[PDB]
Structure formats: structure tokens, C-alpha cells
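Participant:
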Ligand SMILES: CCCc1nc(C(C)(C)O)c(C(=O)O)n1Cc1ccc(-c2ccccc2-c2nnn[nH]2)cc1
Ligand SMILES: [Cl-]
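In UniProt numbering, the protein residues as written are 2 to 52, 66 to 84, 101 to 296, 328 to 524.
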């Protein structure tokens, strides 16, 4: 087959290495954009501007009411914002405060809409028309759209321009895995799948470095999206996947692509047996994505600085993956997933009840929540591939992944309930994973058996 021909020129070689580094290099900035809203939309302290002010029950001045005389009158005028730590954010620029608390959460929602939208349209287009031709278009779109939001004068312009950047980013991530797996032989088709996560996790460190140097949100937003233009120049000289050319009936160009390598080197829901598994796998993607993005979106509530608390989050992943790796090879994929989920949900519940006065305890069970979900989010993907049959494994993983973003959409929407009850958002934020722990019990497979090529062995393995 094609696998022998790919290894005929030497398999992985000088041509192969130079292609892998270039495509995976922007993945460092890939994770920067997801949590960029955290630093850009930071909310500072503020008090009403007189043309003294009442204080709260804890001894702090109010933020929406002003003394009628030196009755109670709403803050018709603006407010003076702190400049000791945050020179300027979108809250300081546009009045997203008081009666407009929910507006800031809305900006994140449409960002999650853009990434969801880019999975369908671009995925459909990436097969009808050449694969690498989509990658160049996505690279150019994210460079122009990123810099336009840095100069948006009106709030509706900011939301609209951010949505277009979300569509471009989704296609970049999807095409990175598809293009690389085509030119990598099956004998080394798993090493790349582990390097991506390490590069994905290292993105959290880069955001901390740039945030300290550039406090201004207008300059910080520009800096993150600035290098993407540079990657567009290098992306011109790529090589299209040879497997796709033969599939569409374009073999005549396949030989030329192969020759250049040598010189350089030297329907799913149509059967009960699948609908039972799909429903069980459905709640696993949803629950994990719900809790994961519900803890990273806010980190200023705790008593530690935002910069320091971020670097702890980006380094706790390394112990998390090591523990999960040992349990996978010793106890099993299913026992690891269930144990992690029940432990993660319990940790979140205890955080809400515990008072915020003691910061040391508060950050102890807040870091553990991020670390636990990091291990679970890696277990689910590995188990998913082993379960689905080869006929629909490619479609099943994509369908399962395209719904994980649906959980990310709901995550900031539930945060609007803080207006009524401040602790209320934490109640649902940990209740869902615990109820999801009762889904893994009904899964009728485990690990240690040969992979199912056909559906005929699914019932045989059950009995
Ligand atoms: C750390 C974030 C996880 C995540 N976020 C998204 C959003 C931003 C909502 O799109 C998605 C998604 O596209 O569905 N995912 C899935 C994902 C799962 C595992 C991994 C992973 C982690 C460690 C090692 C390997 C992988 C991996 N396996 N397959 N692809 N990546 C990466 C991404
Ligand atoms: Cl993604």
C-alpha cells in the first residue's frame, strides 16, 4: 500500500522533520488566544465620581451608588478606575460594568461560537478542495482579523471581529493533525499524538511572559496576533498530502510530489450497537469540557496575583500526565476515568463551601481541580480511539470532538447567575461531573482486548 511507498524514500527523514516543526510551531500561540480574554478583560476596582460615597457591609465603598447630598442616587456619571496594576482594559474603555456585568461574558461566548462554526464549514471545504489551500487561507484570515480587533472603536465591532478570528483558529488545529498523519508511517503514528499535547500545554507559559511586559490590552492583543503574518510567508512552500490526491482521482500529481520528497531527503446513528456507545461517550466529552473551562476563565477571585497563579496552572499538568500514564498501564482506562471524575467533582464542591478568607486552602483545591481535569482530558481521547470500529473511528472522534466545543459555549453563559447568587456558579460547576460518574458504569467494554475491526466482534466480546 501507500505505507511502504512512504517508507521507500526513507520514512521519516530530512524532508519530514522540516515540515513537522513549521506546522506545530504556531501551536504555542494556539492556547494563548483561548485564555487571552482573561488578561485583556480584567476588571479593576472603581468608585463613583462625585459631581463622599456610602460603604458596603464589609467596610468597602460602593461601586454603583452615590450619595445624593454630602438619599441614594445611581451613578449617572463615570467612575475613576485604579491605575496601580491595570492601566487599561475593555472595562475601562467601554462602560461594561454595573448594569452591564453580563456584557463581558457575552464576548467570550461568540468566541466559542466562532471555533464551533469553523469545524463544519472548513471541514467540509477541506475535503472538496485541496487540503493545504485551506491552511494558507486560514493563516491570512487570522492575521487580518486579529489586528482589526486591536483598533475596534465600537463594542459591536469588537464582538464581530473576534468571531471571525475564532473561525480561522479552529481550522488551523484540525488541519495540523490531518496533514501530519498523512506523511507519517503507521510505525510512528503515535509519537506525534503525544508531542501535540506538550506543545499545547506549553502555551500557558508564554501568555504569562507577554502579559507582564505589556499591560495595555490594545498593545497586548496586537502582540499576540502580530507574528501570524510571519508564519504566512513560510507557509507558501509546503507539500500537499499525496493520499488525498489519489482518493479524488488525481494520481497524476502524486508521482511528482513523491519525487520531490526523495530529492530533498537524498450514518453513525443508524444501529443500536453504536447509539448505545455514542450516548455514553456523549456525556464524557460534555462533562469534562464543562468543568475544564469553568476554572480557567476566572482566577482573580483568589487572593494571589494573576501572574503567579497562572504559571502554577501551566506547570501542574506535568505531574498530572505522569500519574495518569502509570494508572493507564496498571489499573486501566475505565478505572482511571471514573476515579479521576469523582475525585475532581468532590474537589470542586469543597471549594465553594470553604470561605474565601484563607487564601492558602482556597488555591490548594483550585489547582488540584485543573490538574485532575488535565489527566481526564487525555484519558478520554486515548480510550475513544480504541473503542470505535475502524469504519467510523475517524468520523466518531471528529463528531465527538465537535461537540466538546458545545460545552465550552455553555461554560461562560452559566456565569451570568452570579448576579443573583455569587456562589451559585460554583454549585453547578462541580455538580455536573459527579453525576457524569454514573455514565461510565454502564460502559460494557474495558482494556486489554484486541481492537475491534468489524462490528461483528462487539457482541461476541460482550458475551
Ligand atoms: C486542553 C484543551 C482540550 C481541548 N480544547 C478544545 C477546544 C479549544 C474547545 O476546541 C478541544 C477540541 O477541539 O475538542 N480540546 C480537545 C483536546 C483533547 C485532547 C488533547 C491532547 C492532550 C494531550 C495530548 C494529546 C492530545 C490530543 N489527542 N488528539 N488530539 N490532541 C488536545 C485537545
Ligand atoms: Cl480546537
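Even for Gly, the Cβ is constructed at its ideal location relative to N, Cα and C.
Can you give me the start and stop residues for the alpha helix (DSSP H) that residue 424 sits inside?
Facilitator: 420 to 448
Participant: So is residue 163 buried or exposed if we call it buried at 16+ other beta carbons inside 10 Å?
Facilitator: Classification of residue 163: exposed, given that the 10 Å Cβ count is below 16.
Participant: Whose CA, out of 418, 394, 405, 406, lies closest to the CA of residue 364?
Facilitator: 418
Participant: Taking 7 Å as the cut-off, decide whether the C-beta atoms of residue 207 and residue 469 are in contact.
Facilitator: no
Participant: With DSSP run on the structure shown, which of helix, strand or coil describes residue 48?
Facilitator: For residue 48, the secondary structure class from DSSP, reduced to helix, strand or coil, is strand.
Participant: Identify the continuous alpha helix (DSSP H) that holds residue 466 and give its terminal residues.
Facilitator: 454 to 474
Participant: Less than 6 Å between the CB of residue 203 and some heavy atom of ligand 3, yes or no?
Facilitator: For ligand 3, the structure offers nothing, since it holds only ligand 1 and ligand 2.
Participant: Among the residues of its own chain, which have a CB less than 7 Å from the CB of residue 17, if the five just before and after it don't count?
Facilitator: 213
Participant: Tell me whether residue 273 sits in a helix, a strand or coil according to DSSP, three-state version.
Facilitator: Under the three-state reduction of DSSP, residue 273 is assigned to helix.
Participant: To which residues of the same chain is residue 200 closer than 6 Å at the C-beta, ignoring the five residues directly before and after it?
Facilitator: Counting only Cβ-Cβ distances below 6 Å, and skipping sequence neighbours, we find 145, 148, 149.
Participant: I'd like to know whether the C-beta atoms of residue 38 and residue 135 end up nearer to each other than 7 Å.
Facilitator: no
Participant: Quick check on DSSP: helix, strand or coil for residue 82?
Facilitator: coil
Participant: In whole angstroms, what is the alpha-carbon distance linking residue 252 and residue 385?
Facilitator: 38 Å
Participant: Tell me the DSSP secondary structure of residue 103 in three-state form.
Facilitator: strand
Participant: Determine the extent of the alpha helix (DSSP H) in which residue 346 is found, giving its start and end residues.
Facilitator: 333 to 357
Participant: Within the continuous beta strand (DSSP E) that includes residue 482, where are the two ends?
Facilitator: Residue 482 -> no beta strand (DSSP E), and no H or E assigned at all.
Participant: Run through DSSP, which three-state label would residue 75 get?
Facilitator: strand
Participant: Look up residue 69 in the DSSP assignment and say whether it is helix, strand or coil.
Facilitator: Shown here, residue 69 sits in a strand according to DSSP, grouped into three states.
Participant: Going by the beta-carbon positions, is the gap between residue 355 and residue 203 smaller than 7 Å?
Facilitator: no
Participant: Secondary structure at residue 266, three-state DSSP: helix, strand or coil?
Facilitator: coil
Participant: Skipping 5 residues on each side, what residues in its chain have a beta carbon closer than 6 Å to that of residue 343?
Facilitator: So no residue of the chain qualifies.
Participant: Check for me: the alpha helix (DSSP H) holding residue 110 runs from which residue to which?
Facilitator: Taken as a continuous stretch (DSSP letters only), residue 110 belongs to no alpha helix (DSSP H), being part of the beta strand (DSSP E) at 109 to 111.
Participant: I need the straight-line Cα distance from residue 353 to residue 223, nearest angstrom please.
Facilitator: Distance from the CA of residue 353 to the CA of residue 223, rounded to the nearest whole angstrom, comes to 21 Å.
Participant: Can you give me the Cβ contacts of residue 264 inside the same chain, cut-off strictly under 7 Å, excluding the 5 residues immediately before and after it?
Facilitator: 23
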